[PDB]
Student: 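Mind looking over this structure? Questions follow.
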Amino acid sequence: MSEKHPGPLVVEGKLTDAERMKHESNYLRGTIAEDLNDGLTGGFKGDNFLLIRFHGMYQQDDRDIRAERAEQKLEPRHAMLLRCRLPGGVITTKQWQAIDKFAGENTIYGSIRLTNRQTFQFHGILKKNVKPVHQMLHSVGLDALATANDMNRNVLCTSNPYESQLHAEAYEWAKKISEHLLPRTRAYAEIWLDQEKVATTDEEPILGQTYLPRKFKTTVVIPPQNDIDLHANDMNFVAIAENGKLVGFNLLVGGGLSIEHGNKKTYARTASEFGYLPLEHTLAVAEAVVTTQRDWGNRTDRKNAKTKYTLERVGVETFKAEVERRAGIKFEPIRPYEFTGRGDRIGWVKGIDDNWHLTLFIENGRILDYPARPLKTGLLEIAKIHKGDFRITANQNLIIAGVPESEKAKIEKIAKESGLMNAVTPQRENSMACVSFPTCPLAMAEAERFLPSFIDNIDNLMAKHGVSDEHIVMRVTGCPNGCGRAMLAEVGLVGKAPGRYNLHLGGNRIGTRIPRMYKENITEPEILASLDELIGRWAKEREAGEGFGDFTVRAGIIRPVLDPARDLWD
Amino acid sequence: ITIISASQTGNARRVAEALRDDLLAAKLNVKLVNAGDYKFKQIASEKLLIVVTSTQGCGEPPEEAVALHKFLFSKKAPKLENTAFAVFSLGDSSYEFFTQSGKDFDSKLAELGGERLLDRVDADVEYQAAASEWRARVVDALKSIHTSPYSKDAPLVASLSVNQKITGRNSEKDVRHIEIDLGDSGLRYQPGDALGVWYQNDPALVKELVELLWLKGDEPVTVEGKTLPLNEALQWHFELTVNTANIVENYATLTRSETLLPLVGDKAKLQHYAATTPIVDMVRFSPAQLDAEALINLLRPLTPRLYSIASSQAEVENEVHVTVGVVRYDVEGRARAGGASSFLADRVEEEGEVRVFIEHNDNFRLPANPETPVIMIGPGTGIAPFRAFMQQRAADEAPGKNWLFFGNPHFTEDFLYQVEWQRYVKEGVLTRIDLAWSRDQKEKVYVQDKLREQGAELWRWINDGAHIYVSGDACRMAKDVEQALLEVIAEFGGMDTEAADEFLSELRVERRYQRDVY
Ligand code: SRM
Ligand SMILES: Cc1cc2nc3c(=O)[nH]c(=O)nc-3n(C[C@H](O)[C@H](O)[C@H](O)COP(=O)(O)OP(=O)(O)OC[C@H]3O[C@@H](n4cnc5c(N)ncnc54)[C@H](O)[C@@H]3O)c2cc1C
Ligand SMILES: Cc1cc2nc3c(=O)[nH]c(=O)nc-3n(C[C@H](O)[C@H](O)[C@H](O)COP(=O)(O)O)c2cc1C
Ligand code: SF4
Ligand SMILES: [K+]
């Protein structure tokens, strides 16, 4: 028996306060309906502050004016963050028109923030508009149920495969997986959709009364594209096809990127390969893995509850055996899959169905009406004109899918005039950041408002070094949680303090290697100096088609992380 | 013979006190009673009745005389047979309504057959000459601050401790929280009092006005018994931020401008002009080479502005807090502002020199019984005395219930003292709070709508002997809130509109319905 994983199946100890909140909430109801009707405070009091996440909203305040309002004898500007549940990122143009209208009208920021999990976010929603947003989401056939707190997160799917014929099956299976793992509770419909109460109790056969120990994240991967970053999320279904049709899935369990600064018990590890499962067993396997995580999770520690920690505690073999027993199947040996890259395909891409896919690069996924750059208005006009549907990408980009040849010229004309696909360097296309300031409560440094200037400087640096045609996956997070996935990039900047980051190098082009910490608590000028030296080194003594992370590992300037549960911090 | 004094700030009070003095010296009898302690329902048993009154926001009498005024309008007033009456009314020509309360009192007292021995006369802000010439004729045709040294004339020279905005950056209105350290002077006040703040005109505004008249700014002018330069006088002793009709027609008469002469003789046009433009913009429309003496004669003496105290000495000790709503408006792109509000907002440094005094208001006080429920309606800058009330009640650990009605355009920006109200409702001091944000949705919602919504609970509280307090705007808010109260009382009391008005007048008599409006 390996000593690496000697822990028990279930840890025994005092349960966290979150588990008590889930237990005593009466199946995600709480007093949210009552708390909506008070005007004294702009937020949710008591356990509702965390129970509203189960319904998809985060209570937030603007951190740029938090102290100013504190000294102004004013409460923090409590506004809700509404994240929608969009399995696979596919949103219809009618739904896009609805969400655009709501963001323009009933939202403080007036912006649609695309996320890296292939869904959008509404920021600055007042408590009086908390119910109308859910009403309109239901009106256009959407919902925000179980997209926050401890349930299955938004299910991802590769939004633009090279052979864009498996996307139909992959998106169908992503939607089926998302609907299967939804909570079987009527709290969401009773509170927002105003459905008559049923004189019986809920069951939750899939998640239980206390639900999952932590957030659960699932993906559907179509090789060789890895834009969804399957190693940052718990369950990954790597699609496998024979003769052009889906035949099965590859299951990879144990993802996660969140760490804690200076806590060796928290680490970011890549998902571990389980095995090949026939196509018809996808739902059973997802159920088995989710229930195994629910049973064997660490509910006594919230920094030890994610599926990666459970995998490293109970062992991969025992977890796989339990999944096989629960699903009543046997995991076939993994059929080989390869990954070519991780970025998006910006421009016009031809599909098999004689339709063109237009991927628009939106900087930081923020859709707004900028001066001389009306992205929101152009997107609205496209939605009015387009007859297909929009696909949000895991790189916070938007894909205008299914454009016919006749309408290709019109769509290009409206998009180009609105500054949606203006000229942008290749480096900026593979550069991403989390929301961070001014909305994220846990943000330590700037990521979204720091990424544009940083990438401008980096583009100038590459132009100076004569490598401006090449690109480096550069992700900046203002938090150790790794929401911008800085713990999978070639160069990652995790926030530590306002203006200070930790520089991480040694990543991978395909995102299958955590970047080891290089220098910590260094301001921006130190980061640019170090990156100037390293890019100058890379621009000369590299090989043909070599990435920056591969060069940094090979040149010996940094050492790669092999087993992140042991040597990530060492 | 009885003299009736109807005054809130107290300018009619001193006139009535001097009047009763020489009446008791000359005739005999003559008793003096305020409108608040007058048994007004026994008016028919009077021999001689002299009324000295004031004028509030728009024509309404002082809050203690509102009960008597509504009695005279209630069609239940008795028919007078053996009483002679004379009405003396104060006022200010700057406001729209000039001594209309006295006009109404005189007209009604004549209508019920009272003998008008002396015709009604009008008084401006300078009432010394009119009062002196009126009391002599009254006497002729009739013979068959507690202890503090500080007052309006000698204000306390205090210091500004805190000047903090209490509205969000996205607020269209600028509301300041002004904390003034009284020092060791020992100035004492009570909740419901007002802090009379002496101010100074903007040096930039004074300079612009002086150069707009092609003057220098240092030419000597005569002020009181001393000689001071023009800038000093215009900054310390004369009012520039308020335009009156009299100022406009005097400028026209001593200027003969083609753009001002046709307006002379039209009261409506003159008043609209005065209310629409400041003095400096009005003189910008027509410079006229006016000298320093003409400018000094044209303007009016500077007067302190009252601000409801937003603190209780049971909590803040030797400090006074005032919630100052800064008046800011733009004329043709030039940003103008009010005198005292902008003086406190911008022109006083921290620990700066501010001359203040206390304007005691007895008819706006918390109940003497701590168990009495309290209902407060304080939208806008009317929340200050209710902050003082809450501090005083929390300090005394009063077990009585408290109800607050607050209203403002935006919840996230215009909720004054929001954290304080959250804390007060946390500890049970403020039992119930109702908020009406008029600019948060498509339809305007004000405090009166919330009073209408909570009619049953308001009626139960009133039956429990609750006190109703109104503080804020008087042009629209006070009338709307009074109408909402009348509707609630009539609906939930099983009685019509007239009986509701009588019930409200009774509440005024029992010192249970009290207003501090402006
Ligand atoms: C928007 C997004 C980043 C982005 O710019 O795209 C994001 C934004 C936030 N994340 Fe995240 N997370 C986002 C992807 C991620 C991912 C990356 C991924 O899924 O591909 C991770 C790292 C991978 C992982 O955790 O396995 C991630 C790990 C977290 C964590 C750490 C969880 C943990 O294991 O400890 C937190 C903190 C928490 O859960 O309390 C967090 C918390 C948050 C919150 C809700 C902050 C909070 O707790 O209140 C953020 C709201 C920001 C705001 O103001 O709007 N976010 N977050 C992503 C939205 C995903 C979605 O729409 O479903
Ligand atoms: C008992 C009492 C209590 C009070 N309590 C408070 C309180 O708690 N808080 C508070 O803020 N005030 C309070 N006030 C009012 C206060 O005394 C002042 O009236 C107020 O603060 C404005 O002072 P000011 O000298 O700056 O304005 P002024 O300079 O005297 O007025 C500005 C002038 O400009 C005019 N004007 C305004 N807007 C425009 C426009 N857009 N275009 C053209 N002309 C315009 C006005 O009509 C006015 O003539 C109270 C008053 C009283 C009597
Ligand atoms: C808020 C406010 C509104 C006023 N409105 C008028 C008015 O409409 N017409 C008028 O003649 N005087 C008006 N005045 C001036 C008062 O009538 C004046 O101050 C009067 O002398 C009150 O003095 P007293 O309280 O000592 O009796 C107003 C004063 C204030 C403070
Ligand atoms: S990584 Fe930290 S700062 Fe960035 S979005 Fe996540 S929680 Fe916020
Ligand atoms: K991007």
Side-chain angles (χ1 to χ4, degrees), chain A residues 31 34-49 57-82 101-102 104-111 122-133 135-136 437-439, chain B residues 162-171 173-179 310-311 321 323 383-384 387 390 403-408 410-428 430-443 445 447 449-450 453-454:
Chain A
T31 89
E34 281 87 50
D35 217 312
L36 266 178
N37 282 335
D38 84 329
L40 201 257
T41 176
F44 292 89
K45 309 291 279 185
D47 279 346
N48 317 326
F49 176 84
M57 328 154 271
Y58 269 87
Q59 207 205 270
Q60 286 174 342
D61 62 19
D62 220 285
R63 290 184 81 191
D64 281 1
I65 62 182
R66 182 182 281 179
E68 167 210 290
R69 294 188 48 120
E71 55 190 43
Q72 270 171 7
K73 270 126 210 161
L74 267 167
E75 85 158 357
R77 183 166 85 164
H78 288 310
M80 254 46 69
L81 154 73
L82 190 271
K101 159 165 272 152
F102 189 85
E105 279 155 19
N106 317 81
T107 268
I108 293 178
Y109 300 85
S111 72
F122 284 144
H123 286 107
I125 294 197
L126 285 322
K127 196 167 73 174
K128 89 204 177 260
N129 297 311
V130 150
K131 189 143 179 158
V133 56
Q135 297 272 62
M136 78 103 182
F437 290 90
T439 34
Chain B
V162 154
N163 169 21
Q164 171 86 24
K165 196 175 182 283
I166 52 172
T167 36
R169 53 165 48 163
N170 295 312
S171 209
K173 30 194 52 153
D174 193 348
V175 180
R176 300 302 183 98
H177 176 70
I178 296 277
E179 297 186 9
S311 67
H321 302 184
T323 295
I383 204 46
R387 181 180 191 264
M390 270 316 101
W403 203 343
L404 175 68
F405 289 88
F406 182 69
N408 245 352
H410 289 289
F411 166 77
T412 54
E413 311 302 301
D414 293 299
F415 199 168
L416 311 182
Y417 306 115
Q418 171 169 21
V419 306
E420 321 227 6
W421 301 128
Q422 300 187 329
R423 182 178 61 80
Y424 279 137
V425 305
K426 199 182 73 204
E427 324 163 338
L430 185 61
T431 310
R432 294 179 183 171
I433 175 161
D434 284 278
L435 309 162
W437 312 116
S438 61
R439 280 202 176 57
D440 269 357
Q441 65 284 312
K442 308 286 200 103
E443 50 274 46
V445 158
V447 283
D449 293 312
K450 320 300 291 188
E453 292 183 6
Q454 304 275 23

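In what follows, every chain begins at residue 1, and chains take the letters A, B, ... in the order their sequences are listed.
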Student: Pairs of donor and acceptor atoms under 3.5 Å between chain A and chain B, please, with atom names and distances.
Tutor:
{"residue": "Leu40(A)", "atom": "O", "partner": "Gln418(B)", "partner atom": "NE2", "Å": "3.4"}
{"residue": "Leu40(A)", "atom": "O", "partner": "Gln422(B)", "partner atom": "NE2", "Å": "3.4"}
{"residue": "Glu68(A)", "atom": "OE1", "partner": "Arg169(B)", "partner atom": "NE", "Å": "3.4"}
{"residue": "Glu68(A)", "atom": "OE1", "partner": "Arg169(B)", "partner atom": "NH2", "Å": "3.2"}
{"residue": "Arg69(A)", "atom": "NH1", "partner": "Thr412(B)", "partner atom": "O", "Å": "2.4"}
{"residue": "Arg69(A)", "atom": "NH1", "partner": "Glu413(B)", "partner atom": "OE2", "Å": "3.4"}
{"residue": "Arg69(A)", "atom": "NH2", "partner": "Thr412(B)", "partner atom": "O", "Å": "3.0"}
{"residue": "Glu71(A)", "atom": "O", "partner": "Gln164(B)", "partner atom": "NE2", "Å": "2.8"}
{"residue": "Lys73(A)", "atom": "O", "partner": "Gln418(B)", "partner atom": "N", "Å": "3.0"}
{"residue": "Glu75(A)", "atom": "OE1", "partner": "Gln422(B)", "partner atom": "NE2", "Å": "2.9"}
{"residue": "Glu75(A)", "atom": "OE2", "partner": "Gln418(B)", "partner atom": "NE2", "Å": "3.4"}

Student: Given a strict heavy-atom distance threshold of 4.5 Å, which part of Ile108(A) is in contact with chain B: side chain, backbone, both, or neither?
Tutor: neither
Student: Please classify the contact between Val425(B) and chain A as side chain, backbone, both or neither, with a heavy-atom cut-off of under 4.5 Å.
Tutor: side chain
Student: Of all the heavy-atom pairs spanning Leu74(A) and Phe415(B), show the shortest one and how long it is.
Tutor: CD2-O, 3.2 Å
Student: Sort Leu435(B) into side chain, backbone, both or neither according to what part of it lies under 4.5 angstrom from a heavy atom of chain A.
Tutor: side chain
